[PDB]
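Let me begin by presenting the structure, written as structure tokens, before commenting on it.
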Amino acid sequence: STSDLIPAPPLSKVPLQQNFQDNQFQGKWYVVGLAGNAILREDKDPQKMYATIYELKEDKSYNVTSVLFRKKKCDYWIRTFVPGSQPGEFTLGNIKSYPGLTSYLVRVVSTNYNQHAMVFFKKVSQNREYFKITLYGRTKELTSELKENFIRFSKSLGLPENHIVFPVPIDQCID
Ligand SMILES: NC(=O)c1cccc(O)c1O
Ligand SMILES: NC(=O)c1cccc(O)c1O
Ligand SMILES: [Fe+3]
């Protein structure tokens, strides 16, 4: 009957990467950090690293493919990111096609493009408001400085530590 969620922060607390270069953000990113109001640390079966590949289509929206190793198989999900209100911001394509999804926002918070990135996502599904922040790495490992920054930025949006996880590097599928 009931769900309880930490509220999405106001967008004014989410920076946008200045001068965003869509072409340079393309390619494979490993998710080295993951935080959000629906993300929970689980020492029982710790979360395994997955990857997200961004490809710019001719119309400039992105074809985003995520690949995860689950049940001994590689599982692929594709979504389309459509340029939104400002460079570095996106909305989700073919939303009708997702049952219950009424809003989905993507905001690139910061990236140097060839090593790391921090992306904020907010969506409203079945009337519940979810938000998450991904710390992307061009490699599966990042400095402890970047990880700490991600932790501070996640806390600054209301998230406690048990809502921040560092997926464990694997070789299956994401290589
Ligand atoms: N549901 C998923 O498996 C998923 C994977 C990567 C990125 C996302 O936004 C997702 O929702
Ligand atoms: N699973 C989630 O909590 C979530 C939150 C914001 C955006 C997304 O794509 C998500 O998948
Ligand atoms: Fe999602």
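Ligands are numbered from 1 in the order shown, residues from 1 within each chain, and chains are lettered A, B, ... in the order they appear in the structure tokens.
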
Pick out the residues sitting within 8 Å of residue 52 (chain A), and hand them over as a list in words; count only C-alpha atoms, and ignore anything fewer than 6 positions along from it in its own chain.
residues 28, 29, 30, 31, 64, 65, 66 and 67 of chain A

Based on the selection just made, write C-alpha atoms of those residues as a short mmCIF file (atom, residue, chain, number, x, y, z; two decimals), in the first residue's frame.
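Result went into part-v2.cif, see below:
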data_model
loop_
_atom_site.label_atom_id
_atom_site.label_comp_id
_atom_site.auth_asym_id
_atom_site.auth_seq_id
_atom_site.Cartn_x
_atom_site.Cartn_y
_atom_site.Cartn_z
CA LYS A 28 31.06 3.82 -23.28
CA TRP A 29 30.88 4.88 -19.63
CA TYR A 30 31.16 2.54 -16.75
CA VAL A 31 28.85 3.26 -13.73
CA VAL A 64 21.60 5.05 -25.05
CA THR A 65 22.29 1.37 -24.51
CA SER A 66 22.90 -0.02 -21.08
CA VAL A 67 24.39 -3.47 -20.55
#

Any idea what's packed within 8 Å of residue 107 (chain A), counting only C-alpha atoms, ignoring anything in its chain fewer than 3 positions away? Could you give it as an NGL selection string?
:A and (16 or 88-90 or 119-121)

Please produce, as JSON lines, a per-residue contact table for chain A versus ligand 2 (criterion: any atom at most 9 Å away, only C-alpha atoms and all ligand atoms considered), showing the nearest atom pair and its distance in Å to one decimal, sorted by chain then residue number.
{"residue": "A:35", "atom": "CA", "partner": "ligand 2", "partner_atom_place_in_ligand_line": "3 (O)", "distance": 8.6}
{"residue": "A:36", "atom": "CA", "partner": "ligand 2", "partner_atom_place_in_ligand_line": "3 (O)", "distance": 6.0}
{"residue": "A:37", "atom": "CA", "partner": "ligand 2", "partner_atom_place_in_ligand_line": "3 (O)", "distance": 6.2}
{"residue": "A:38", "atom": "CA", "partner": "ligand 2", "partner_atom_place_in_ligand_line": "3 (O)", "distance": 4.4}
{"residue": "A:39", "atom": "CA", "partner": "ligand 2", "partner_atom_place_in_ligand_line": "3 (O)", "distance": 6.2}
{"residue": "A:104", "atom": "CA", "partner": "ligand 2", "partner_atom_place_in_ligand_line": "7 (C)", "distance": 6.9}
{"residue": "A:105", "atom": "CA", "partner": "ligand 2", "partner_atom_place_in_ligand_line": "7 (C)", "distance": 7.6}
{"residue": "A:106", "atom": "CA", "partner": "ligand 2", "partner_atom_place_in_ligand_line": "7 (C)", "distance": 7.9}
{"residue": "A:120", "atom": "CA", "partner": "ligand 2", "partner_atom_place_in_ligand_line": "6 (C)", "distance": 7.9}
{"residue": "A:121", "atom": "CA", "partner": "ligand 2", "partner_atom_place_in_ligand_line": "7 (C)", "distance": 4.5}
{"residue": "A:122", "atom": "CA", "partner": "ligand 2", "partner_atom_place_in_ligand_line": "6 (C)", "distance": 4.5}
{"residue": "A:123", "atom": "CA", "partner": "ligand 2", "partner_atom_place_in_ligand_line": "6 (C)", "distance": 5.1}
{"residue": "A:124", "atom": "CA", "partner": "ligand 2", "partner_atom_place_in_ligand_line": "6 (C)", "distance": 8.1}
{"residue": "A:129", "atom": "CA", "partner": "ligand 2", "partner_atom_place_in_ligand_line": "5 (C)", "distance": 8.0}
{"residue": "A:130", "atom": "CA", "partner": "ligand 2", "partner_atom_place_in_ligand_line": "5 (C)", "distance": 4.4}
{"residue": "A:131", "atom": "CA", "partner": "ligand 2", "partner_atom_place_in_ligand_line": "6 (C)", "distance": 3.9}
{"residue": "A:132", "atom": "CA", "partner": "ligand 2", "partner_atom_place_in_ligand_line": "5 (C)", "distance": 4.7}
{"residue": "A:133", "atom": "CA", "partner": "ligand 2", "partner_atom_place_in_ligand_line": "6 (C)", "distance": 7.9}

Output file for the selection above: C-alpha atoms, as a tab-separated table (two decimals), in the first residue's frame:
chain	number	residue	atom	x	y	z
A	35	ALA	CA	23.04	6.99	-5.68
A	36	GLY	CA	19.33	7.78	-5.52
A	37	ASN	CA	16.14	7.60	-3.47
A	38	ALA	CA	15.41	4.12	-4.72
A	39	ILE	CA	19.03	2.89	-4.58
A	104	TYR	CA	11.93	11.83	-17.17
A	105	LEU	CA	14.71	14.39	-17.03
A	106	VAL	CA	18.42	13.97	-17.56
A	120	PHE	CA	21.50	13.50	-12.51
A	121	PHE	CA	18.21	11.81	-13.48
A	122	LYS	CA	14.66	12.54	-12.25
A	123	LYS	CA	11.51	10.76	-13.30
A	124	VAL	CA	7.92	10.42	-12.24
A	129	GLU	CA	9.10	10.87	-7.84
A	130	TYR	CA	12.51	9.14	-8.27
A	131	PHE	CA	15.94	10.63	-8.66
A	132	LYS	CA	19.43	9.13	-8.98
A	133	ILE	CA	22.97	10.33	-9.64

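Proximity ranking of A:174, A:6, A:34, A:101 relative to residue 151 (chain A) places A:34 first, based on only C-alpha atoms.
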
Long-range neighbours of residue 47 (chain A) as an mmCIF file with C-alpha atoms, in the first residue's frame, 9 Å cut-off, only C-alpha atoms, 4 positions minimum in chain:
data_model
loop_
_atom_site.group_PDB
_atom_site.id
_atom_site.type_symbol
_atom_site.label_atom_id
_atom_site.label_comp_id
_atom_site.auth_asym_id
_atom_site.auth_seq_id
_atom_site.Cartn_x
_atom_site.Cartn_y
_atom_site.Cartn_z
ATOM 1 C CA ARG A 41 23.212 -0.714 -0.394
ATOM 2 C CA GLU A 42 22.948 -4.495 -0.170
ATOM 3 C CA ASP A 43 25.895 -6.393 1.305
ATOM 4 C CA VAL A 165 26.756 2.466 -3.760
ATOM 5 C CA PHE A 166 29.896 1.711 -5.775
ATOM 6 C CA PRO A 167 29.091 -1.090 -8.105
ATOM 7 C CA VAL A 168 31.733 -3.823 -8.093
#

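Across the structure, CA of residue 139 (chain A) and CA of residue 110 (chain A) are spaced 16.6 Å apart.
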
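The two atoms in question, CA of residue 62 (chain A) and CA of residue 103 (chain A), are spaced 17.6 Å apart.
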